[PDB]
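Asks: Questions regarding the structure given below will be posed in turn.
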Amino acid sequence: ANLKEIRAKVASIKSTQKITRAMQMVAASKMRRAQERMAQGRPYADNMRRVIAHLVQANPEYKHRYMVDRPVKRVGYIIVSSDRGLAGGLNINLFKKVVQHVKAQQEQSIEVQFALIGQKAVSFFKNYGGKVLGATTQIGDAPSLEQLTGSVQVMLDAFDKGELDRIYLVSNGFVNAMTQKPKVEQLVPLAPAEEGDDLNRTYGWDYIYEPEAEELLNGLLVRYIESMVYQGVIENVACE
Amino acid sequence: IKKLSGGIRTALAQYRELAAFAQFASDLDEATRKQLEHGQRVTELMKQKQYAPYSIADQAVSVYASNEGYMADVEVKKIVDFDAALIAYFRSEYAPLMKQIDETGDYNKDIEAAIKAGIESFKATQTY
Amino acid sequence: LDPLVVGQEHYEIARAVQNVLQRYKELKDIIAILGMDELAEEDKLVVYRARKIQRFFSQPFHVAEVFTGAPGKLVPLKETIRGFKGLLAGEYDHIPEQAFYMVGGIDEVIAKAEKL
Amino acid sequence: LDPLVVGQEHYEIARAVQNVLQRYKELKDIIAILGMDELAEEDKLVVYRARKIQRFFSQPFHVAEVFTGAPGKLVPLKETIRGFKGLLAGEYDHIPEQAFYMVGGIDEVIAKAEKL
Amino acid sequence: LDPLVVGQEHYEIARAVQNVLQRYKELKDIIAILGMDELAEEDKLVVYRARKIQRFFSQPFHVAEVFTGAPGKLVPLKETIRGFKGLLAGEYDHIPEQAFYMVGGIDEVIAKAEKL
Amino acid sequence: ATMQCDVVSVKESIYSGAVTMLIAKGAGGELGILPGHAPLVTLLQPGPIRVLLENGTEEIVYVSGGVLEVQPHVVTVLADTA
């Protein structure tokens, strides 16, 4: 109809285009920073995987309560999401994968208690229902271990008491700077898959264990759990 | 003026080309942030009152001060101030220089050295 | 289209269909600029139902057989009312919208759902 | 509106108010399309002060008492200058926007802030 | 610029040059937004050949002799076709890009590169 | 002698090489010249660690405790930031 309103609409769309370009460049810088940060952090995880393989091959006769395998009952989940939208709908993909997995679990007649660390999960996925012991949010970009310390610690403590048996984590898998996919993983029983490392090359002496024989392993196990959840969170941030 | 206008023209063009990045200032690196701050300073330097024409020498001194780093220290909102202050410190302590510049308009090494020394003296001693 | 002329059910079904279509029409800008994901679930349901309704309003004709070659169809009124009532009620949320194209009735839609 | 006619404080206050309003005018499209959360703190302060200023310009009239039932008001120039200077200084940031509506002066705003 | 009028090889070379230029244009924003890295070798070859073509498109003029002193050039079509076909083949993949700037023909390019 | 000595707490890597002698609390000072024998692991004390590479190059680093691993030709420290 009126030409002036059409011109105003054109100008508004031009301004929106400019601001969205600016946001694209900002996302580029942040993605590069997250990539370099996680690349820096990866060798520590590789070293700790090497050391856990080293110790499990050193003393395989003694197994902690996490090495347990009690019958499946009252499984758990870990959900990591974003604090804001405009993310191309990966959060909905993760939520739908988790909803189908938990539907299968309910078909197996097992109730679920899980921890949520993404703001979108607590703000939206909670609106329907679900028992949550840890609902941390607003962790921010590149948080610290102190920021996310007790959220999984209390859940692991509940696992130790026997109320929890299986603990799951789900996030987005970084495969290419343009493409990503959801992931499902199980971490609590620390089930071994590659145990042939260092068997063929020396290491027949192991360790004398002067301070403690097999007591110090619990601390490194909790450190390992923290490391895996932290790396999953940062991977999700980069994918976002 | 012909020698000195190109720098501010380039600064204004660079500020125009990127303006949406004002809110994400912490995100960009050092060079682009410096470009943003210089563009803001330059675009506030162009403000002027009414019935107050500027002579050739005043424009030359202001543009020379802006083209170097002497305008980086001052706060953005204080750019309108300190400009009249620098001009008023001149014309009373450097009257012959502006008389020569206004009458002739020539440009050489000596004029640049005198302008640099005057700006340095004003920045060192006076207040705005 | 008067509740005293056509009845109480007919008027309500027609009004609901028009309301759904009009609500879908107003969302043409957000989906154009932004993506599909930046909407509430209710808006997504409205969009899907409106697309299915748009497909379901098309049927083949006896006269237009020469142009295409498919035989013509004729639909009684009560079948149309039943089909639209079922569509708006909440069922037919699993049938793909490709099965609503030039089918005539609704049992034909159900039969065609297993082919395309 | 000239420094040599109305003075110095009046001109600065008016210019600053107009600048704040114009700056707030340019943030309509971004909030309309994108979420208000994705903004700097300065912009949020600007929009809050702009809303307070925008609804501080409304006062009841004596001859318009029949329309609304509220008694009229007559604010002197010094009171409005003082109120706008105080609002633009940075205070009055905790008072809700609703105290700035058909109130008259500024002491009346403070009084009304107790109830709503 | 169609094969019937100007022959086949001229058309092929022209479209190949335009395609390389278009690829460079569509890769420039990718280079700017992310970096020269994270790219394979064919794209880098395309970038280098596009830069060589961009430099080679320039040449001096007769009417600029009285200003610069460099002589003007009147390069014929054959030499241009030969040079661009050779550049697209990949023969001149080692010549520095500076030798292609404002030089004229192709043997002139070879001589200028040898001098450097 | 000593070839490598790595300590990683969260995301930070350190550089070593030809370490003359190392001082730490709760370990007896055996760290430094690598013994080349008796592999062992210890719970690291939160005391600061002094490193002396060679020719009196004294630089100081602080750690807040963790797990220390020592082995012939392989010395790795896994501490905690807090």
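Here, A, B, ... name the chains of the structure tokens in the order displayed, residue numbers run from 1 inside each chain, and ligands are numbered from 1 in the same displayed order.
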Determine which residues of chain A sit within 12 Å of chain E, taking into account only C-alpha atoms, and present them as a JSON list (two decimals) with C-alpha atoms, in the first residue's frame.
Replies:
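File part_7.json, as written:
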[["chain", "number", "residue", "atom", "x", "y", "z"],
["A", 21, "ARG", "CA", 26.60, -10.31, 10.01],
["A", 22, "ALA", "CA", 28.26, -8.83, 13.10],
["A", 23, "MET", "CA", 26.99, -11.76, 15.17],
["A", 24, "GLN", "CA", 28.38, -14.19, 12.57],
["A", 25, "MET", "CA", 31.86, -12.68, 12.91],
["A", 26, "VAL", "CA", 31.58, -12.75, 16.72],
["A", 27, "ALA", "CA", 30.66, -16.44, 16.55],
["A", 28, "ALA", "CA", 33.67, -17.04, 14.31],
["A", 29, "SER", "CA", 36.06, -15.53, 16.85],
["A", 30, "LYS", "CA", 34.45, -17.39, 19.76],
["A", 31, "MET", "CA", 34.52, -20.72, 17.89],
["A", 32, "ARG", "CA", 38.22, -20.34, 17.11],
["A", 33, "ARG", "CA", 38.95, -19.50, 20.75],
["A", 176, "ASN", "CA", 33.73, -30.74, 11.34],
["A", 177, "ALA", "CA", 33.59, -26.98, 11.75],
["A", 178, "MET", "CA", 30.30, -27.05, 9.80]]
Asks: If you count only C-alpha atoms, which residues fall within 12 Å of residue 100 of chain B, apart from same-chain ones fewer than 4 positions away, as a list in words?
Replies: residues 56, 57, 91, 94, 95, 96, 104, 105, 106, 107 and 111 of chain B
Asks: Pull the closest atom pair for each residue of chain B that gets at most 8 Å from chain A, along with the distance in Å to one decimal, counting only C-alpha atoms, ordering rows by chain and then ascending residue number, as JSON lines.
Replies:
{"residue": "B:20", "atom": "CA", "partner": "A:19", "partner_atom": "CA", "distance": 5.9}
{"residue": "B:21", "atom": "CA", "partner": "A:22", "partner_atom": "CA", "distance": 6.2}
{"residue": "B:24", "atom": "CA", "partner": "A:26", "partner_atom": "CA", "distance": 7.5}
{"residue": "B:27", "atom": "CA", "partner": "A:26", "partner_atom": "CA", "distance": 6.6}
{"residue": "B:28", "atom": "CA", "partner": "A:29", "partner_atom": "CA", "distance": 7.7}
Asks: Any chance you could export the current selection's C-alpha atoms as a compact mmCIF listing (two decimals), in the first residue's frame?
Replies:
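Generated file (selection-v3.txt):
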# COMPACT_ATOMS: atom_id res chain seq x y z
CA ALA B 20 27.68 -2.81 14.44
CA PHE B 21 30.73 -4.16 16.33
CA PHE B 24 30.93 -6.68 21.02
CA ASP B 27 35.42 -9.75 21.24
CA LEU B 28 37.57 -8.19 18.51
Asks: Pull the closest atom pair for each residue of chain A that gets at most 8 Å from chain F, along with the distance in Å to one decimal, counting only C-alpha atoms, ordering rows by chain and then ascending residue number, as a Markdown table.
Replies:
| residue | atom | partner | partner_atom | distance |
| --- | --- | --- | --- | --- |
| A:40 | CA | F:11 | CA | 6.5 |
| A:41 | CA | F:11 | CA | 4.9 |
| A:44 | CA | F:11 | CA | 6.8 |
| A:206 | CA | F:39 | CA | 7.4 |
| A:207 | CA | F:40 | CA | 5.4 |
| A:208 | CA | F:40 | CA | 6.1 |
| A:209 | CA | F:40 | CA | 6.2 |
| A:210 | CA | F:40 | CA | 7.0 |
| A:211 | CA | F:42 | CA | 6.3 |
| A:216 | CA | F:43 | CA | 7.7 |
Asks: Which of segment 4-98 of chain D counts as alpha helix (DSSP H) under DSSP, as a ChimeraX atom specification please?
Replies: /D:4-6,9-25,28-33,41-56,65-68,77-89
